[PDB]
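Here is the structure we will look at.
2 protein chains.
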Amino acid sequence: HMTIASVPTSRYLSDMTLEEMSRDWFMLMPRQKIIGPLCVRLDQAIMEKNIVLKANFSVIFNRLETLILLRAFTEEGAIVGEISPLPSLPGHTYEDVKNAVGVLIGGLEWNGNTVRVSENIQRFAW
Amino acid sequence: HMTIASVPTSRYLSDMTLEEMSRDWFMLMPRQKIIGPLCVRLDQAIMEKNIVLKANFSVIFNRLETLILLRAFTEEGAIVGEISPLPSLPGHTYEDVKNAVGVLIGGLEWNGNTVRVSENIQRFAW
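The listed protein sequences derive, respectively, from chains Z and Y.
Heads up: the first sequence at position 66 corresponds to 49 in our numbering, and the numbers run straight through without jumps.
Heads up: the second sequence at position 19 corresponds to 2 in our numbering, and the numbers run straight through without jumps.
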């Protein structure tokens, strides 16, 4: 991922399987914020659950370059929140991704959820 | 009918003046929820501000013992949030307070506010 000579290697790091990525999901009580070039969505009808954040993103060298998608999951595997780029694909940075994550986590914690993040998120996005 | 001695301590810490404790405020956009034996209030309108949490509470065994009141303040000194005991006054512990502070800070960060807590809260409460 950084041995190859003379060119930068891009990587797609994936916490979520294809199935998880394209799975369609629904929120009973949608809460949504636009945070710069990213969209944060949260189901407010989720409380006091253990939640994990999983993200699929593009890294260049050893820095997050592009968030493709992030979703929050219950232990049972259900999707309760999400961060994605705006439809216009505005271009965004690590700082943008970090802020959006802080917001999603904040929203979850206001509902008394216990939130953990994947190693990859911890390494590149948080 | 035994004699009762009353021995003063210095275990009661105060970040807020009695005035700040007494003051009366209103949320533009009020939200109020019960977290265990505690009531958390947060003005839903307040976003992207620098917010400081100040509290008045007793300590014991080097941890918060009982919360009298916690309030969140803008840099102007306007109140935007609060954690108080329920009027039942049902009794609570360090763990209850810590949970409620997590919730409040959570709601604040959902609204993109930057939160810091007083030294006392850092040391004893969160």
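From the three backbone atoms N, C-alpha and C, an ideal C-beta is built for every residue, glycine too.
The closest CA to that of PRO(-9)/Z, considering only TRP8/Z, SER5/Z, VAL42/Z and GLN105/Z, is found on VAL42/Z. A residue is called buried once 16 or more other Cβ atoms fall within 10 Å of its Cβ, and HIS75/Z is buried on that count. With its beta carbon at least 9 Å from every one in chain Y, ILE66/Z lies outside the interface. In the three-state reduction of the DSSP assignment, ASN103/Y falls in the helix class, which pools H, G and I. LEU87/Y belongs to the set of residues whose beta carbon lies under 9 Å from a beta carbon in chain Z.
It is roughly 32 Å from the alpha-carbon of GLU3/Z to the alpha-carbon of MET30/Y.
Around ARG14/Y, the same chain offers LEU25 and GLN27 as residues with beta carbons nearer than 6 Å, after the five sequence neighbours per side are excluded.
The Cβ-Cβ distance between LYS37/Y and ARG54/Y falls below 9 Å. Its chain contains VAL23 as the residues whose beta carbon lies nearer than 6 Å to that of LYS16/Y, once the 5 sequence neighbours on both sides are disregarded; these appear in chain order.
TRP109/Y is outside the set of residues whose beta carbon lies under 9 Å from a beta carbon in chain Z. Assigned with DSSP and collapsed to three states, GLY19/Y falls in coil, not helix or strand.
Selection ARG(-6)/Z, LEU52/Z and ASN45/Z evaluated against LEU87/Z yields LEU52/Z as nearest (Cα-Cα). Here the alpha carbons of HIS(-16)/Z and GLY64/Z stand approximately 30 Å from one another. Straight-line measurement puts the Cα of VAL80/Y at about 9 Å from the Cα of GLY19/Y.
Here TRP109/Z is actually not in contact with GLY89/Y; their C-beta atoms are around 15 Å apart, not less than 8 Å. With its beta carbon at least 9 Å from every one in chain Y, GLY60/Z lies outside the interface.
Contact check for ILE66/Y against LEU50/Y passes: the beta carbons are separated by less than 9 Å. DSSP places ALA83/Y within a helical segment (H, G or I) once states are collapsed to three. DSSP, read as helix, strand or coil, puts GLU65/Z in strand.
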